[PDB]
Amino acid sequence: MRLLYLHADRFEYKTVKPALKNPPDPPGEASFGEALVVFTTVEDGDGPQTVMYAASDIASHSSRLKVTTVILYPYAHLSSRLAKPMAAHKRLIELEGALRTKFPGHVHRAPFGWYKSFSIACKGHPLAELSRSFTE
């Protein structure tokens, strides 16, 4: 799993066209104030251990940032070893569930399988942009 942690002042997205025939989540849009935006690329070796490490790390980083909202943002673009779409969707659902056991704020999992538009104002501080890899 490859993640990009963007500490934002604000974030929004809208699904636009479907990127898979039959996206497994319905279309939507949402907008947020301050939030940790986690662009999340699920990779071929990713199982439940990987999901648990990622969830602990996101919770731990969110705490150090003192953020109370996490956006789990499915992203196809951070790796060239992608998990297949059905397995990736499953891992993202597990990550959301795992994060809620460790982190007490708002956890928003954005829909999987769509092209999206988005805007972000990303903060400028030293820990505002970090990347992470998890595996098992």
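In case it trips you up, residue 1 is the first one in the sequence shown, and so on.
Can you let me know which of the two, 116-124 or 16-24, has the higher average C-alpha B-factor in the entry?
If you average the C-alpha B-factors of 116-124 and of 16-24, the larger mean comes out for 16-24.
Pick between 78-86 and 35-43: the one whose mean CA B-factor in the entry is higher.
Stretch with the higher mean C-alpha B-factor: 78-86.
Can you tell me which of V51, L65, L72, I58 has the maximum CA B-factor listed in the PDB entry?
It is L65.
C-alpha B factor of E94, ranked within the chain: lowest, middle or highest third?
Ranked within chain, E94 CA B lands in the middle tercile.
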